Every structure is written in C-alpha cells, then in structure tokens.
Amino acid sequence: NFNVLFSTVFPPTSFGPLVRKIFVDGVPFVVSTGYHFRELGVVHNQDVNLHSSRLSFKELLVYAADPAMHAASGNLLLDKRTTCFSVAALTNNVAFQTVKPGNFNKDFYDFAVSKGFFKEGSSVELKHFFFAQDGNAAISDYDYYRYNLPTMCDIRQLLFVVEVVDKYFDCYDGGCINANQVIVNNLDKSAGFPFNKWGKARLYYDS
Amino acid sequence: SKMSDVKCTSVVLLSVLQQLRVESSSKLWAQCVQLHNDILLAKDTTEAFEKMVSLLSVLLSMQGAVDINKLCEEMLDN
Amino acid sequence: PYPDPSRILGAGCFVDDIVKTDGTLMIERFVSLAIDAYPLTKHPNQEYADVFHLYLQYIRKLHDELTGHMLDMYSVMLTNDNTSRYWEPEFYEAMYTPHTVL
Amino acid sequence: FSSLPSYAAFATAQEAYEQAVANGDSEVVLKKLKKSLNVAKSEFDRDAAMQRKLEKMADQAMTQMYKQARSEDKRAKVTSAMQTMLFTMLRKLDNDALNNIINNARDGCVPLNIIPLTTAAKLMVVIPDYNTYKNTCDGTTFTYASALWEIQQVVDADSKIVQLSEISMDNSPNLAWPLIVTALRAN
Amino acid sequence: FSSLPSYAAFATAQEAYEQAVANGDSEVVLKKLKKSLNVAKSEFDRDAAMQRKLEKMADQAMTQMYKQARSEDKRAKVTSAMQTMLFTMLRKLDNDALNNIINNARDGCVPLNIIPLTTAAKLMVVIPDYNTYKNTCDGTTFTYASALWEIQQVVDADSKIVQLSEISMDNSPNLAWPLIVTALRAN
RNA sequence: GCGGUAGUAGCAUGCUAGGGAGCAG
RNA sequence: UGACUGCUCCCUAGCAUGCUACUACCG
C-alpha cells in the first residue's frame, strides 16, 4: 500500500525487468535476472549462472519467452496514437488488422418471413449482427487502459474485508499437484507469443 | 419488413465489396465500414436508404469489377 | 430461464460461411438452438412460442430435404427411424425436468 | 434376410420338424430334431442382425461422404453466389433511387466517387453518348439518384472545358464524348 | 486361425468320430464320439480366444511405440528451430554501445526499457494527423530522447512511398493518414 | 433331477478416449 | 491472427457391470 503511493514519484523507465550479460560457450547473451515492481520493490533471481555450457530444452524455453532479447534486438518506437508507454518495434512495418462482416442465411430468413415474422410494429426484431471494424481498431481498443489509475486503499479496513472474504472461501480444499495429474481439454489451441510460429499447445505438451 | 430487408441487403453488399479486395485502400474501407455499421443501427427507413445509395455507389464506380449487364440479364436486377 | 428472442433469431440468420447457408450439412446447430429456445412456449406473449415452433418446422423441413435430395440423384434410400423425435416437443421438455439424465 | 444359406438350412429344418411334430411322434425324435434345429436357428439369427448393422453403417458412410463433397463444392463458388444473391435482393427491394442508378450504370453512366448526402460536396459522373445527356441533363440542372444537381463544369477526354451551349444534336459529333460532369446537390 | 496347435488333433478326432458314426456302429461309439468331440471343442475354445486377445495387445503396443517415436522426432525439430531463432537474433546486438552502457552500471544490471532508448540505430514514428506531425518530426532532422535523428523514408497506411513536399496543410486530406516515419541516429 | 463352469449372440447401464456443434462469463 | 473456464446435445471406438438366450462339461 505504501509502495503504491511512493512509486508515483520515480521515473517510469526504471520499472520492469533487469537484464545483464551472460556467456554461453564464449558467446554473449542478454537475459533477465530480476524485476522491479511498482508494488513489490526490487526482486533478484536466486539461481543465475554467468558461464555455462550448451543449454538444455527448458533453458531454451525460458530464454525464448523472455522479452529481453526481443526488445534488445529491435528498433526504437515512438507511437503517438496512444498515451501508454512504448518499448520497441519488432519489424520494419506496422500491421493493421480488420474485422469482416457476417454471412447471410437466406433460406432461413425466407422461411421465417413466409410464416408471419418481421412484420411492422412487431415486438420481435433483429438487433444482433456481426459488426465490421477498420484497420486501426486493435490499438484503439488497447488505448482503453488509460482508465487504470494508481489507487491507495484504506489499509485498516481492507485487512478486515480480506478476513471476511477468506471466511467466505472456507469450504474448499487445495494445494499443489504433480505434472501427471493435470487435466487439459482442447490441446489444439494457441500457445502464446514466441511459440505460435512452430505449433499449438499439443507440440509443447508432448515434447 | 422494409427495414430488415435493407439491413440484410447491406450485409450482403459489404460481403461482396470485401470479396473484391477493397480493404487494400484504407480510406475507402473505413468509409464503407462506417456506412455499413450505421445502417444496422438505424431506426427509421429513410436514412438507411440514403446510406444504402451511398454504399452501392462504391460498387458501381468500379469499371472492371463485375458485369452489371450480365448480372441484370439472368432474371436478376432491372 | 428464457433468452431474448432476437438473440436466437440472429444466431439463426447470421453465421460464418459453411457453418450455415446450407442447413442440411449441419442440422445439429438448430437442435441446440431449439433446446435453448424451449421455455419461450410458456410466455404470455404469442410470438415467443412461435419462435420455437418455427425452429421445429425448419428442422423437419431440413430433414425431409436431406432425405429426398439424397434419394433423387443417387439411389441411396434413407429411413426415418427415431429421427422424428427432433421435431416433437417431448425431446426438449425433458431437459428442464429434474431427473438428471446426463 | 432370406438370401443366405443359413436361412435355407433353418427353413428346411423348421419344415421337417414341424411336419414330424404335426404328424405326431415320440420324445427322442423331437429331441433330435430340436438339437439339429437350434444350431441352424442361431446361425440364421446372428447374420439377421449383422447384415442390418452393416447396411445401416454403409448408408451412414455414404451420407457423410456426400456431405463432405457438397461442402467442398459449396465453398468454391462463393463470389458468383454472393453476387447473384445481392442482385436478387436488390431487385426485391424495389426502390426508385436504386433502380435509377442501377439502370444508369447498366447503360454506361457510372459515378467516379462516393455519392454525397449533404447539401454540398462534388459529384462526378461520366456520360458516354448524347442520348444519356439528353435524358439526364436538360437546361442547367442534373437529375441523378432521384435528386437534383446543378452543372458547373464539363470536361472531355482531352480535358478541355466545353460550355453547355455547345452540346447539341448535330453539333456534338465532333467531340471527345466521355464527358465528365461535376455538379453539387441542389437544396 | 486354421493352423493352431490343437487344430490337427481336433480335426482328426472329429473326422474319426464322424467316420465311426457313418459306420452305423452301436450307441457306445456314439457316446464316445459325443464326449470326445465335446472335450475337443472345449479345449479348442481357449486356444482360439487367448491368441486373439494377444494379437490385439501386441497391435496396441506397436501403435503406442510408433506415436512415441513421432513425438520424439517433433521435439528434436522444435529444439533445432528454437536454437536457430536465438542464434539468428543474437547477431544484431550492436556489441559496442551495449558494452559501453553495461560497464557504466555499478553491478552489471540495467533496466530493459533504456536499452533501445540508448543503443538502437533506427527509430519509427507513427503519426495520427498533421497537427501532431508538425509538432514532432517537422523538417528533415528532429531531436528526440536527447539525440539527433534524420528522416530516411515516409510511408502511409497502405505502405506506399510519400515525399515530404506533399505533407502540407492543404494536401493533408488526400493521404492515408497513419503515416510511419523512419530515421537514423546522427553521428 | 437341480446347480456350477466354458465359450457364443442379442439387449441395457455407467465411465474413458476421439470427432462435430450450441450457449454463458 | 483464434485466450481461460463452466454446462449441454450428436456420432464412433474401448472397458466394466447387469438381463436374456444357444450349445458343452461337471457333479
């Protein structure tokens, strides 16, 4: 609660991952070995090795998901469409994505009309459609995070509300489970950022 | 019944326009999307018709595109 | 519970291609849509029940179209065994009666 | 299922046993006849259901393949289907402005930009022959899309300005004909 | 299903018993026939069932091991792809400015948000309209992030080249406005 | 004379696995 | 380019259980 209030004074470029240079078989990398939160302060990693031999599969997975290399091997970007902080551009072009309209089922509409539907003055009419969007819609929708402001709370009252909420959440049980007890449905869905160039979640849950 | 007909016709017209690679011109695509979204939200059946005329003018002012005359001789539009 | 009739009709009339505009390829869409729209028959307003009845008639029409439309050019003969259950209200009435049959 | 050897054997056994029993006889003959009959009856009864399951399964498979072929066919004619459907609905709408502009485009008089709706803004059309000019443009006013417009400029294929008084029946056929009228919407 | 170990004994016993039956001998030979054939079929039963169970078990095992091998092959190829991507993106780190700002740190750690801000070679700017344009990147060289940049290219939302001579107040409404400006670090 | 056991066929019940679709937050 | 959950319907394959039936062995 106090960190939230005190973090509004310091510059906004000193928050986020902290990176440094490590060596793998004499070649230099750039990896993240900590974080600087606005709420939790400075956090340092516990198992970091600078000099190492050729890396394994899970190390590859960890280093391919870190934004450090992607941000450090990209161009600077100054975007004036939004007021949110911008880091880098990964390519030399900006992608504009549109949304297409729907498809019309004419047979069903004719069948419904031939049975006394959609007459004037009726109490049943169509008001659900597929709406189309232009090129600059994704960024315009992302720009709605400007409504999120830093908020300080009344701590002596939150510390009691949390007890009451915990009383509400009392009839269940939980804990940690092993990797062979995890249930996943529809393993044919997308996997994330770097990973959607090589397969779905099935590839990574099988490999 | 004269309003749902024009909304369905507008949906079909926007689909036809999208099939002709219109979204490769940002200004034209933005205007078409605005018109199509405005027709579906209409409440009276005069503004919808003028917007429909404006939207159909986009398809008519493309020379190669489609054949107006063949598509009018197939027991279709007069 | 009952939904908004406009939502059901809009789901009927506006789709993504191949998923509809040819009902015979997917008749199980309208069965689910009629399951969702069953409790509209107890509403005091009259069009609300007409939605459910229209869905049932469309399902029957689609089945008849499929059977005849397949018997004509090809010579495969179809049967109507335990298929008429989908255009009678007793299959849908059992989904809102307590006795969890699945 | 009367086209299998099992049916023939079962039928012959049934007839023989029935005739022997109706004639009247002892116990051992009945026991032997039923012992030789029941095996054939089971032989018939197994295939009587196996054939039905095979036939219905084959019918379902042919149904599924027809559906797949039809979907693959349907998803390959969408442009023509959509254009035909759109013009059918445009017929059914039956509006005067839409009919006017569709006939005008069908005869050759198409616009060059989006038709404006305000009391201002410019509209440009192409008039390829004298008959279209006679029908639409009379005087200094322009009738298009069930509206009224005021001519302010005429440009030819050579981009030279042509005054309104110049255009006439016999005075026209010495000109670059694809004219371009630019007008504004009358109040 | 026809050359099982017990098949020879079963068939030979059946043939001998039925030959004895066709010989028209007494009832004792018939009782012996019945007992021997009953026990022969009983012993053939499990020999015909266990083998069929075992074959299906073996087939399931083969299928599972094949799919395991395929999964291993896919894992190997995805590992190769990830390694290639990492080593390819390594080769653009500009290892002199990065080293110059790393050594200035008191322990080797620096925020990630200031690496592109002080070591990048190219800058990309997206401009909504002309009023914003004339306040950010007016002219041919501008200053941002305490550095000097010089323009190299300007494109529009359709990715077509645009020259700075036509980015004016009068000509503004004739461009796909989400313009993208590319510059290089000066000196 | 009754029961037990071993295969075979039809029918019903609940789970697991695969595929297609619908709704809700 | 396609997120996380929950519920429901349809089709096929396997497993377990139960009902009936047909032969055979044993007492």
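The rules we used
Residues numbered from 1 in each chain as written, not as in the entry; some residues may be left out. Chains lettered and ligands numbered in written order. Part of a larger assembly, values for the part shown. Heavy atoms only, no water. Residues with missing side-chain atoms left out of burial classes, pairs and counts. Helix = DSSP H or I, 4+ residues; strand = E, 2+ residues; numbered from the N terminus. Buried < 20%, exposed > 50% of the residue type's maximum accessible area, 1.4 Å probe, protein only. Areas by Shrake-Rupley, 256 points an atom, 1.4 Å probe, with all protein chains shown as cover. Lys, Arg positive; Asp, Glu negative; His and termini not counted. Charge placed at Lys NZ, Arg CZ, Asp CG, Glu CD. Pairing = 2+ DSSP bridges. Axes fitted to C-alpha atoms, helices over the stretch in contact; angles between N-to-C directions. Near = heavy atom within 4 Å. Polar contact = N/O pair within 3.5 Å; in protein donor to acceptor, adjacent residues only side chain to side chain. Contact = heavy atoms within 4.5 Å. Salt bridge = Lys/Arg side-chain N within 4 Å of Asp/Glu carboxyl O. Nonpolar A, V, L, I, M, F, W, Y, C, P; charged D, E, K, R; others polar. Patch = residues over 30% accessible without salt bridge, like charges linked within 9 Å, V, L, I, M, F, W, Y side chains within 5 Å. Expected span 1.5 Å × (residues − 1). Buried area = accessible area lost by both parts, 1.4 Å probe. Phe/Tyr/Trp six-rings, centres within 6.5 Å; stacked < 30°, edge-to-face > 60°. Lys NZ or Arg CZ within 6 Å of the ring centre and 35° of its normal.

cryo-EM is the method the PDB entry lists for this structure, together with a resolution of 3.18 Å.

A.B. asks: Account for the overall build of chain B, with residues named and values stated.
C.D. replies: Counting its secondary structure elements, chain B contains three helices and zero strands. C-alpha extents for chain B along the principal axes are approximately 35 × 35 × 15 Å. Classification of the 78 residues of chain B by burial places 58% in the buried group. Of the roughly 3300 Å² of accessible surface on chain B, 51% is carried by carbon and sulfur atoms. Side chains of chain B give 7 positive and 10 negative charges; the mean places of these two sets differ by 5 Å.

A.B. asks: Go over the sheet that holds strand β4 (residues 179–185) of chain D with me, naming the residues and quoting the values.
C.D. replies: Residues and elements named next belong to chain D. One open sheet holds the four strands; their spatial order is β1-β4-β3-β2, and the pairing between them is antiparallel. Both outer strands of the open sheet, β1 (122–127) and β2 (141–143), are each paired with one neighbouring strand and no more. Direction aside, the axes of adjacent strands within the sheet are offset by 45 degrees on average. Two strands pair when backbone bridges link them, and β1 and β4 are joined in this way by six bridges, in the antiparallel orientation. Bridging across to β4, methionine 124 finds its partner in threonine 182.

A.B. asks: Quick rundown of the protein's contact with RNA strand G? Include the residues and the values.
C.D. replies: Near RNA strand G lie 14 residues; those nearest to it are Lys189(A), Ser190(A), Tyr86(C), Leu102(C) and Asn38(E). Contacts to RNA strand G include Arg85(C), whose side-chain N or O atom sits 3.4 Å from a phosphate oxygen. Interatomic distance of 3.4 Å between a side-chain N/O atom of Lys56(E) and a phosphate oxygen of RNA strand G. With three residues, helix α2 (residues 27–74) of chain D is the largest single contributor of residues to the surface near RNA strand G.

A.B. asks: Now, about the sheet that holds strand β3 (residues 141–143) of chain E: what can you tell me, with residues and values included?
C.D. replies: The mixed open sheet is built from six strands, whose spatial order is β6(A)-β5(A)-β2(E)-β5(E)-β4(E)-β3(E). Of all the strands in the sheet, the pair left with one neighbour each is β6 (88–89) of chain A together with β3 of chain E. With two bridges joining them, strand β5 (residues 75–79) of chain A and β6(A) adopt antiparallel strand pairing. When the bridges of β6(A) are listed, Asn75(A) appears paired with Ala89(A).

A.B. asks: I'd love a proper account of the interface of chain E and chain B, names of residues and values included.
C.D. replies: Chain E puts five residues into the contact, and the matching count from chain B is four residues. Counting every contact that joins chain E to chain B gives zero salt bridges. Taken together, chain E and chain B are joined by one residue pair in polar contact. Looking at the side of chain E that touches chain B residue by residue, the classes come out as three nonpolar, one polar and one charged.

A.B. asks: Tell me about the pattern of salt bridges, residues and numbers included.
C.D. replies: Inspection of every chain in the model, using the stated rule, returns 13 salt bridges over all chains. Between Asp73(D) and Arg70(D) there is a salt bridge, with its nearest N and O atoms 3.7 Å apart. Placement of both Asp73(D) and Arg70(D) in helix α2 is noted, with a separation of three residues, approximately one turn of the helix. Residue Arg70(D) is classed as partly exposed on the basis of its relative accessible area, which comes to 30%. A salt bridge links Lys160(D) to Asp156(D); its shortest N-O distance comes to 3.7 Å. Residue classification places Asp156(D) among the buried positions, given a relative accessible area of 4%. Among the charged side chains, a salt-bridge network with shared partners connects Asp22(C), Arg70(D), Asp73(D) and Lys77(D).

A.B. asks: Tell me about a nonpolar patch on the surface, residues and numbers included.
C.D. replies: On the surface, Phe160(A), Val161(A), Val164(A), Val165(A), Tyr168(A), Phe169(A) and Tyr172(A) cluster together to form a nonpolar patch covering roughly 830 Å² of accessible area. Of the residues examined, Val161(A) reaches a relative accessible area of 41% and is grouped as partly exposed.

A.B. asks: Outline helix α1 (residues 7–22) of chain E, listing residues and values.
C.D. replies: The end-to-end C-alpha separation of α1(E) is 22 Å, in line with the 22 Å expected for 16 residues at 1.5 Å each. Where α1(E) terminates, the next one or two residues include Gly24(E), which has phi positive at roughly 65 degrees.

A.B. asks: Would you mind going over the protein's contact with RNA strand F in detail, with residue names and values included?
C.D. replies: The environment of RNA strand F is made up of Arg7(C), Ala11(C), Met26(C), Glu28(C), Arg29(C), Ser32(C), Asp36(C), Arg46(D), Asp45(E) and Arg52(E). Sugar and phosphate atoms constitute 100% of the interface atoms of RNA strand F, taking the interface as everything within 4 Å of the protein. At a separation of 3.2 Å, a sugar or linking oxygen of RNA strand F approaches a polar side-chain atom of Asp36(C). Those elements giving two or more residues to the surface near RNA strand F turn out to be α1 (5–13) and α2 (28–36) of chain C together with α2 (27–90) of chain E. Of the residues assigned to the surface near RNA strand F, the class counts are two nonpolar, one polar and seven charged.

A.B. asks: A description of a negative patch on the surface should follow, citing residues and the corresponding values.
C.D. replies: Taken together, the side chains of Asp107(A), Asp110(A), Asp64(C) and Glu65(C) define an acidic patch exposed on the protein surface. Mapped onto the negative patch, the elements with two or more residues apiece are α4 (106–113) of chain A together with α3 (46–73) of chain C. Looking at where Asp107(A) falls in the secondary structure, it is placed in helix α4.

A.B. asks: Please provide a residue-by-residue account of the side chain of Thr182(D), values included.
C.D. replies: All names here are of chain D. Residue position: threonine 182 is located in strand β4. Given the relative accessible area of 9%, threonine 182 is considered buried. The residues contacting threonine 182, other than those within four sequence positions of it, are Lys122, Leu123, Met124, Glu150, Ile151, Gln152 and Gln153.

A.B. asks: Just give me the short version of the interface of chain E and chain A, but keep the residues and values in it.
C.D. replies: If you look at the interface, chain E gives 43 residues, while chain A gives 46 residues. With both chains or domains summed, chain E and chain A bury close to 4400 Å², and 74% of this area falls on carbon and sulfur atoms. If you look at where chain E meets chain A, you find ten residue pairs in polar contact. Contributions of two or more residues to the side of chain E that touches chain A are made by α2, α3 (97–103), β1 (110–111), α4 (115–119), β2 (122–127) and α5 (130–136) of chain E. Here the side of chain E that touches chain A gets 13 residues from one element, more than from any other, and that element is α2(E). Residue classes in the side of chain E that touches chain A are distributed as 29 nonpolar, nine polar and five charged. One ladder, built from two bridges, connects strand β1 (residues 16–24) of chain A with β1(E); its direction is antiparallel. By the bridge assignment, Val19(A) is partnered in β1(E) with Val110(E).

A.B. asks: Lay out the arrangement of the chains with the relevant residues and their values.
C.D. replies: Take the eight pairs of chains in contact: the one carrying the most contacts is chains A and E. In this structure chain C stays clear of chain E, and the shortest span between their C-alpha atoms is 28 Å.

A.B. asks: Can you tell me about the environment of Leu18(A), naming the residues and giving the values?
C.D. replies: Note on placement: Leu18(A) falls in strand β1. Residue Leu18(A) is classed as buried on the basis of its relative accessible area, which comes to 11%. Taking C-alpha positions, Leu18(A) is 8.7 Å from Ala68(A), a pair spaced 50 residues apart along the chain. Once you skip the residues sitting within four places of it in the chain, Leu18(A) turns out to touch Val31(A), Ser32(A), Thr33(A), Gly34(A), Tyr35(A), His36(A), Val42(A), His44(A), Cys109(E), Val110(E) and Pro111(E).

A.B. asks: I'd like a description of the packing of aromatic side chains, backed by residues and values.
C.D. replies: Inspection of the entire model under this criterion finds 32 aromatic pairs over all chains. Between the aromatic rings of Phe10(E) and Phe44(E), the centroid separation amounts to 5.4 Å while the plane-to-plane angle is 40 degrees, which identifies the pairing as tilted. In this pair, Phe10(E) is assigned in helix α1 and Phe44(E) in helix α2, connecting sequence segments 34 residues apart. In terms of burial, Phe10(E) and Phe44(E) fall into one category: buried. Taking NZ or CZ as reference, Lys115(A) lies 4.6 Å from the ring centre of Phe111(A), over its face. Positioned above the aromatic ring of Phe30(C), the side-chain terminus of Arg29(C) is 6.0 Å from the ring centre.

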